[PDB]
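Single chain ahead, by itself, as C-alpha cells, in the form deposited in one PDB entry.
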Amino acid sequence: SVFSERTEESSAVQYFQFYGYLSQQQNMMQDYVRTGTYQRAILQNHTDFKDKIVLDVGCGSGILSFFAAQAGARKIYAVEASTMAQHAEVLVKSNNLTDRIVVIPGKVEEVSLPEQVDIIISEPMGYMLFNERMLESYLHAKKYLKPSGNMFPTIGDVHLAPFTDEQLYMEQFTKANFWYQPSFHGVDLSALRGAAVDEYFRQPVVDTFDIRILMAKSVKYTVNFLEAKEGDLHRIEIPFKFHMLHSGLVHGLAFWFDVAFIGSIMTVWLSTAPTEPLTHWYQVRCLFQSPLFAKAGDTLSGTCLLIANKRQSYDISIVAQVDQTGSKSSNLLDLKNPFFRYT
C-alpha cells in the first residue's frame, strides 16, 4: 500500500498503538479550542453536510463523525487504523447512530469504501503542521472525493518567524555541555561534545512563549488541501525573507499554523498562533546552534526545507543568513523527536 511503502513498520506499530489509548483521546478531546472550533466549523456550515456522504479520515473516538451527524449527514464513513476503532463503534451504538455512522477499521490507504463522498473531514495536523505525515493520508483519501467535493479543513497556513530567547538557548546548550567534561568519574567525555550539541539542537522545542520574543513579521506558507497531491509533501521548501523589526540575537525560528474550514456559509479558522488561546499543538521553535546578531532594518533570508522520512516525520534543514553581514547559520532538526518543554 501507499502507507506501508512510505512508512517503517516499527514507526507504524508505535504510532497506532499510541492512538489506541483512551487517555490520549481524552487529552485531545479536552483541548476545548480544538474540539469546539471543529464543532463550530461543521455545525455553522451544516448545509455542507445535510444529506451528504462524509468521510472521516482517522476518526479516532469518532467525535468529528458525530459532529457531521449532528449537522445532518446522510452517511459517514469513519476510517481508523488503531484499536480505537473498536471504541468508536461502541459509541456509535450507544448514541443510536448505527444507521448513519459506519466505522471502517483499517488505514485509509488500504480500506475499501462503498461510494464516493461529498466531503472529507479530518484532523491530520501534527506539531508544526507536518509531523506524523497524516496530511498525506488526508490528501490520499481524495480518491474517494467527488469532483464537486470539499475538504474540512480546506487549507493550512504554516507561519515562521525569528525569535530571541537566551534562556532557552542556554538551557539546551547546558545539557549538551555534560559531554564537555574532561573527567566524569575520571573519564574524559569531551571528544563527544560536538556530537552532543548536534543531538540536542536537533530537537525542536515544543512549548509556548510571549509574542514579544518575536523579532519580525511572520512569513506564511500555504497548503491548499483541495489542490495538493500526496507527492507535494515529500519535499517542502519554504523560502523566507524577514525584515527585522528589532535588534538583537536571533536564536532561531518559531513555527505555528492555522487551518481554515472554508464552508458554503462561512469560513472558520483554527489557529495555534501564540497570539491565540493555547492548544495541545502549542508552538514549535527550532534553535540555531549559534545565534545570529541582526539590527533593526536588516534582512534575514534563507530556506526551511522539510524532507519526509519513513518514520512518519520530516528531516528539517534550516539555513538562515543576515544579508547585510553574511552571517550564516545552519541546523538539522528531527521533527519526530521534539523536546516537550511546556509545564
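Throughout, rigid core stands for the largest set of C-alpha atoms superposing within 1.5 Å between the two forms. Numbers for residues come from their place in the sequence shown, where the first is 1.
This next part talks about the form deposited in another entry, which is not shown.
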**Asked** Just one of 104, 189, 238, 260 has a C-alpha that shifts by 2 Å or more between the shown form and the other one on a rigid core fit; which is it?
**Response** 189
**Item:** Post core alignment: residue 209 C-alpha displaced by 2 Å or more between the shown form and the other one
**Value:** no
**Prompt:** Does the distance between the two CA positions of residue 221 reach 2 Å or more between the shown form and the other one, the core being superposed?
**Reply:** no
**Message:** At a 2 Å cut-off on C-alpha positions, does residue 154 qualify as shifted between the shown form and the other one after fitting the rigid core?
**Reply:** no
